[PDB]
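**Student:** The structure is given below, and queries will be raised subsequently.
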Ligand SMILES: [Zn+2]
């Protein structure tokens with residue numbers, strides 16, 4: 024039975040809460056299972072606001088080293104990324120939402136907070152790290168999630184991240200590859216400083232029996248939306264912007280060759308591909324359609 | 134004002150007929166005055182047809198005073214009552230249609246117009262060619 | 029029978045899959061709570077412009093039972109009406125949902141309680157353990173005709189076009205089609 028996870032054992036939670044394998048090992052939690060609903064609503068919350076970062080709250084539970092996220096919702100706050108802990112404005116709508124939600128079915132407890140990062144990867148800024156450190160300080164099992172809606176679109180797949188911060192004192196172990204994503208230079212500094220102070224979590228996605236069976240029945244009529252998709256005028260103001268970012272990254276490495296952070300043409304080359312790889316992939320689905328619907332004759 | 138005292142079904146019927154007559158000569162300045170005095174004694178009645186002929190005559194006081202959108206709510210209500218005979222629910226529904234159309238473009242009016250296309254009884258009405266074309270823009 | 033069957037039309041409806049999943053999570057979770065199938069009930073919200081109606085998101089509502097009649101605790105709706113107007117300030121109240129068979133008397137009594145709140149309440153119903161090879165999610169509305177000298181409520185059924193949002197579409201494409209160790213050499217194409 025797939026619905027092993029949509030079950031919620033409440034007494035098991037409060038035994039782990041008391042036991043605490045997180046006060047013993049600093050990097051205990053390493054995995055993160057994201058539900059069907061949780062993914063959709065978080066992606067929907069990020070894009071709905073769009074250009075502006077907005078954060079909400081996640082609900083979930085713990086199991087082994089996996090911090091499972093079951094359900095999510097929004098926090099009507101402002102100044103995400105510009106304020107350290109911007110959720111303080113609506114302390115009312117955190118507890119008041121879970122008090123209402125527990126009457127109707129959502130028994131799940133506070134598991135974390137998520138925010139959107141439109142057009143610049145998934146990572147924790149210096150403002151985000153100060154939020155999460157103090158979140159872990161008091162309100163324990165709390166995981167900071169990030170999603171990039173504008174690139175999720177252009178890249179053509181779920182652009183998402185799940186992170187946890189380390190203590191101010193103890194410093195991380197060695198094993199860390201960490202994959203590269205284009206960071207706009209305006210932000211590269213902020214990232215660059217506080218980037219090594221935290222560690223990510225291995226993301227995995229699950230679903231129920233009904234969800235799985237519904238999505239299969241849903242696909243009978245959803246193939247139509249795939250071949251009238253067109254990721255061009257949808258996210259037009261990411262690709263047109265990335266150019267502005269790309270231009271600056273070259274401008275630096277050009278003068279770097281001259282008189283005068297290690298070969299910033301190798302980054303810019305990867306960015307020029309990254310951004311254009313998308314632009315080309317876009318025109319694949321376009322010609323695919325011109326082939327299909329236009330070329331039948333009468 | 135008289136020395137003698139009278140019942141509910143006489144006073145509520147008298148102010149009904151007074152207000153109904155001043156409208157028939159086109160004079161809602163007078164018709165509004167007595168139907169206001171009729172409203173005092175309509176809560177007090179247990180008569181199930183006299184209260185009905187008050188709402189038919191109060192819908193018309195809002196009609197002749199050019200409150201067309203609120204008039205549509207009175208007329209529409211009366212066509213849904215079964216106690217009113219079937220041939221009289223046709224007029225009840227049709228007076229709502231006219232006052233729903235001739236009212237100013239309210240958002241309340243858009244929900245009335247929706248109720249008017251949803252109701253198959255309205256298809257029978259002569260201004261369906263207007264309504265069909267009105268509600269659906 | 030207590031549904032309409034006539035020359036319908038009226039409004040044109042769209043449907044976001046997020047709504048389907050929020051009900052699906054709500055059914056499985058309340059089913060799991062009691063160890064049996066459950067008729068869960070909740071509220072619908074989204075954009076309303078002119079005739080056309082889009083359902084964007086959905087949440088839950090509190091319900092009780094006076095005898096055999098399902099009572100929507102409205103004091104809960106007005107409380108959640110606060111909190112949903114906060115986060116999605118643009119969005120409007122549209123209708124409600126439930127699970128089970130097709131439309132029936134127990135939902136007509138509930139439809140009356142939603143009719144006190146708004147003048148055009150939509151109604152979705154989902155069959156969880158469906159025998160249909162097609163989708164078991166159909167949308168309806170309130171219609172009223174003369175049933176032999178009796179003005180009375182009915183359900184006129186309507187169709188539903190699916191939602192398109194590019195950001196959302198990927199969410200569907202990710203969980204309905206999972207990369208569970210199915211890409212080694214990047215490839216990209
Ligand atoms: Zn951030």
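Protein chains in written order, with PDB author numbering: chain E, 24 to 283, 296 to 333; chain D, 134 to 270; chain F, 29 to 217. The beta carbon of each residue, even a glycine, is placed where N, CA and C say it ideally should be.
#1: So that I know if they touch, is there some Cβ in chain F lying closer than 9 Å to that of residue 250(D)?
#2: So, are the CB atoms of residue 51(F) and residue 154(F) less than 9 Å apart?
#3: In this structure, how does DSSP classify residue 132(E) when only helix, strand and coil are distinguished?
#4: Is residue 211(E) near ligand 1, going by C-beta to nearest heavy atom under 8 Å?
#5: What would DSSP say about residue 174(F), mapped onto helix, strand or coil?
#6: Using a Cβ-Cβ distance under 9 Å, would residue 100(F) count as near chain E?
#7: Does any residue of chain F bring its CB to less than 9 Å from the CB of residue 126(E)?
#8: Measure the C-alpha to C-alpha separation of residue 87(E) and residue 52(E) and round it to an integer number of angstroms.
#9: Measure the alpha-carbon distance for residue 254(E) versus residue 262(E) and round it to whole angstroms.
#10: I'd like to know if residue 269(D) contacts chain F, where contact means its C-beta is closer than 9 Å to some C-beta of that chain.
#11: Round the Cβ separation of residue 149(E) and residue 217(E) to the nearest angstrom and send it over; I've been treating them as touching at under 8 Å.
#12: Please classify residue 54(F) as buried or exposed, where buried requires at least 16 neighbouring CB atoms within 10 angstroms.
#13: Could you check which residue in 64(E), 240(E) and 114(E) has the C-alpha nearest to that of residue 163(F)?
#14: Which residues in chain F have a C-beta closer than 7 Å to the C-beta of residue 172(E)? List them in chain order.
#15: With a cut-off of 8 Å on the beta carbons, I'd call residue 114(F) and residue 119(E) a contact; round off their distance for me.
#16: Please confirm whether residue 213(D) has its beta-carbon closer than 9 Å to some beta-carbon of chain F.
#17: Would a C-beta distance cut-off of 9 Å place residue 46(F) and residue 234(E) closer than the cut-off?
#18: Nearest-angstrom Cα distance between residue 205(D) and residue 187(F)?
#19: Does any C-beta atom of chain F lie closer than 9 Å to the C-beta of residue 237(E)?
#20: Taking the C-alpha atoms as reference points, what is the distance between residue 100(F) and residue 311(E)?
#21: Indicate whether the contact test is met: 3 or more Cβ pairs, each with one atom in the region 59-69 of chain E and one in the region 168-175 of chain E, closer than 8 Å.
#22: Can you give the Cα-Cα distance for residue 229(D) and residue 136(F), rounded to whole angstroms?
#23: Taking the alpha helix (DSSP H) that residue 189(D) belongs to, which residues open and close that run?
#24: May I ask you to verify whether the region 116-129 of chain F touches the region 68-77 of chain F, counting CB pairs closer than 8 Å and requiring at least 3?
#25: Residue 146(E) CB to nearest chain F CB: under 9 Å?
#26: How should residue 285(E) be labelled, buried or exposed, when 16 other C-beta atoms within 10 angstroms of its C-beta is the threshold for buried?
#27: How would you write the range of the alpha helix (DSSP H) that residue 51(E) sits in, first residue to last?
#28: Could you check whether the Cβ of residue 242(D) sits closer than 9 Å to any Cβ belonging to chain F?
#29: Do you know offhand how far residue 165(E)'s Cα is from residue 231(E)'s?
#30: Is the region 202-209 of chain E touching the region 260-274 of chain E in the sense that three or more CB pairs, one from each, lie closer than 8 Å?
#31: Quick test of the definition: if touching needs 3 or more C-beta pairs under 8 Å, does the region 97-104 of chain E touch the region 172-186 of chain E?
#32: At a threshold of 8 Å, does residue 206(E) count as lining ligand 1 (C-beta to nearest heavy atom)?
#33: Can residue 66(F) and residue 59(E) be called in contact, C-beta distance under 9 Å?
#34: Would you mind reading off the limits of the beta strand (DSSP E) that contains residue 154(E)?
#35: Contact defined as beta carbons within less than 8 Å: I believe residue 139(F) pairs with residue 151(F). What is the distance between those atoms, to the nearest angstrom?
#36: State the beta-bridge partners of residue 221(E) as determined by DSSP.
**Tutor:** Well, looking at it:
#1: Start at 1 with the first residue of the second chain, and residue 250(D) comes out as number 117. Taking CB atoms only, residue 250(D) has a neighbour in chain F less than 9 Å away.
#2: Here residue 51(F) refers to the residue found at position 23 of the third chain. Here residue 154(F) refers to the residue found at position 126 of the third chain. Residue 154(F) sits close to residue 51(F), with the two beta carbons spaced by under 9 Å.
#3: Here residue 132(E) is taken as the residue at index 109 of the first chain, counted from 1. The answer is strand: DSSP assigns residue 132(E) an E or B state.
#4: As a working mapping, residue 211(E) is identified with position 188 in the first chain. Every heavy atom of ligand 1 is 8 Å or more from the Cβ of residue 211(E), so no.
#5: The residue given as residue 174(F) occupies position 146 in the third chain. Of the three classes helix, strand and coil, the one that applies to residue 174(F) here is strand, per DSSP.
#6: Taking the first residue of the third chain as 1, we reach residue 100(F) at position 72. Residue 100(F) does not count as touching chain E.
#7: As a first step, residue 126(E) must be located in the first chain, where it is residue number 103. Interface annotation, residue 126(E): in contact with chain F, CB-CB separation under 9 Å.
#8: In the first chain, residue 87(E) corresponds to position 64, counting from 1. In the first chain, residue 52(E) corresponds to position 29, counting from 1. Going from the Cα of residue 87(E) to the Cα of residue 52(E) covers about 8 Å.
#9: For the purposes of this step, residue 254(E) is taken as the residue at position 231 of the first chain. For the purposes of this step, residue 262(E) is taken as the residue at position 239 of the first chain. Approximately 11 Å, taken between the alpha carbons.
#10: The residue you call residue 269(D) lines up with position 136 of the second chain. Using a Cβ-Cβ cut-off of 9 Å, residue 269(D) counts as an interface residue toward chain F, since at least one Cβ of chain F sits closer than that to its own.
#11: As a first step, residue 149(E) must be located in the first chain, where it is residue number 126. As a first step, residue 217(E) must be located in the first chain, where it is residue number 194. Indeed they touch by this definition, with Cβ atoms about 4 Å apart.
#12: Within the third chain, numbered from 1, the residue matching residue 54(F) stands at position 26. Flag for residue 54(F) reads buried.
#13: Working through the third chain from its first residue, we reach residue 163(F) at position 135. Taking the Cα of residue 163(F) as reference, the smallest distance to any Cα among 64(E), 240(E) and 114(E) is reached at 240(E).
#14: Start at 1 with the first residue of the first chain, and residue 172(E) comes out as number 149. For residue 172(E), the C-beta contacts it makes with chain F under 7 Å involve 195, in order along the chain.
#15: Along the third chain, one-based indexing puts residue 114(F) at 86. Along the first chain, one-based indexing puts residue 119(E) at 96. With a Cβ gap of about 10 Å, residue 114(F) and residue 119(E) do not count as contacting.
#16: Position 80 of the second chain, counted from the start, is the residue given in the question as residue 213(D). By this cut-off, residue 213(D) is an interface position.
#17: Translated into the one-based positions of the third chain, residue 46(F) becomes position 18. Translated into the one-based positions of the first chain, residue 234(E) becomes position 211. Taking 9 Å as the Cβ cut-off, residue 46(F) and residue 234(E) do not qualify as a contacting pair.
#18: Residue mapping note: residue 205(D) aligns to position 72 of the second chain, counting from 1. Residue mapping note: residue 187(F) aligns to position 159 of the third chain, counting from 1. One alpha carbon belongs to residue 205(D), the other to residue 187(F), and they sit about 30 Å apart.
#19: On the first chain, position 214 is the one that residue 237(E) refers to. In terms of beta-carbon proximity, residue 237(E) lines the interface with chain F, with at least one pair separated by less than 9 Å.
#20: Numbered from 1 along the third chain, position 72 holds the residue referred to as residue 100(F). Numbered from 1 along the first chain, position 276 holds the residue referred to as residue 311(E). Across the structure, residue 100(F) and residue 311(E) are spaced so that their CA atoms are roughly 54 Å apart.
#21: Yes, the region 59-69 of chain E is in contact with the region 168-175 of chain E.
#22: Here residue 229(D) is taken as the residue at index 96 of the second chain, counted from 1. Here residue 136(F) is taken as the residue at index 108 of the third chain, counted from 1. About 25 Å.
#23: In the second chain, counting from the first residue as 1, residue 189(D) sits at position 56. DSSP places residue 189(D) in the uninterrupted alpha helix (DSSP H) bounded by 183-197.
#24: Output reads yes: the region 68-77 of chain F touches the region 116-129 of chain F.
#25: Indexing the first chain from 1 puts residue 146(E) at position 123. Against chain F, the CB of residue 146(E) has no partner CB under 9 Å away; the residue lies outside that interface.
#26: Coordinates for residue 285(E) are absent; the numbering of chain E skips from 283 straight to 296.
#27: Numbered from 1 along the first chain, position 28 holds the residue referred to as residue 51(E). Looking at the DSSP string, residue 51(E) is not in any alpha helix (DSSP H), and its letter there is neither H nor E.
#28: Start at 1 with the first residue of the second chain, and residue 242(D) comes out as number 109. No, its Cβ sits nowhere closer than 9 Å to a Cβ of chain F.
#29: Along the first chain, one-based indexing puts residue 165(E) at 142. Along the first chain, one-based indexing puts residue 231(E) at 208. Cα to Cα, the separation comes out at about 24 Å.
#30: Judged by Cβ distances under 8 Å, the region 260-274 of chain E makes contact with the region 202-209 of chain E, as three or more pairs qualify.
#31: Contact between the region 97-104 of chain E and the region 172-186 of chain E is absent: fewer than 3 CB-CB pairs across the two stretches fall below 8 Å.
#32: Against the first chain, residue 206(E) aligns to sequence position 183. Residue 206(E) has its Cβ no nearer than 8 Å to any heavy atom of ligand 1.
#33: Your numbering for residue 66(F) matches position 38 in the third chain. Your numbering for residue 59(E) matches position 36 in the first chain. Their beta carbons are not under 9 Å apart, which means residue 66(F) does not touch residue 59(E) by this criterion.
#34: Here residue 154(E) refers to the residue found at position 131 when the first chain is read from its first residue. Looking at the DSSP string, residue 154(E) is not in any beta strand (DSSP E); the run it does join, the alpha helix (DSSP H), is 149-160.
#35: As a first step, residue 139(F) must be located in the third chain, where it is residue number 111. As a first step, residue 151(F) must be located in the third chain, where it is residue number 123. At roughly 6 Å, the Cβ-Cβ gap stays under 8 Å, so residue 139(F) and residue 151(F) are in contact.
#36: Numbered from 1 along the first chain, position 198 holds the residue referred to as residue 221(E). Residue 221(E) pairs with 188(E).
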